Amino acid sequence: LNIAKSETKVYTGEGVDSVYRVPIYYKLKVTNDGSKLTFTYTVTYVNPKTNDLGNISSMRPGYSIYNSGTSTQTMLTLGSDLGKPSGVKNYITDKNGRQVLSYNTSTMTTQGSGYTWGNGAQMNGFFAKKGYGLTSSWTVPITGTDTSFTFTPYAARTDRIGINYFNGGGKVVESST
């Protein structure tokens, strides 16, 4: 009878930055308000469990990472009753998730069985070392019952896009078929 107006899940996972041999993390927040899903995806060196930045004091200021692959990998697959994703806003967030500055909005394209985006933003080392994250957000219309999706996190240094620091592992899978 009294159904929730919205439901939000937060997922986190972790990989390894190959260059500095430190953990790197992601957070994916997904809110369903009945009309759309809102996705907020952050890659950061701050452990979301503790809000403590790992020791990256030796990271060079001009080192830089992407949070999205090319058609190096599908990032997002969507169930049958989800529409076309919006533009993907990109921005730097501080340790508490507050926006620091905004970058170009990316456009999602297919495929293969899903979507990726281009004009992908990046985060330089001097921001990473302040505990900042590289954050992308988008919405997806809900058109029916099958609101399943899978999301595959990605992070790579900008001169080696073929090496995903999350190594295809911590995939987010939401049912139901």
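Position 1 is the first residue in the sequence shown; the rest follow in order.
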Mean temperature factor over C-alpha atoms, higher-scoring stretch between 88 to 96 and 67 to 75: 67 to 75
Residue stretch of maximal mean CA temperature factor, 53 to 61 vs 146 to 154: 53 to 61
Largest Cα B-factor, entry values, listed residues 124, 47, 116, 38: 116
B-factor third for the C-alpha atom of residue 24 within its chain: lowest
Cα B factor band for residue 16 (lowest, middle or highest third within the chain): middle
CA B-factor ranking of residue 133, expressed as a third of its chain: lowest
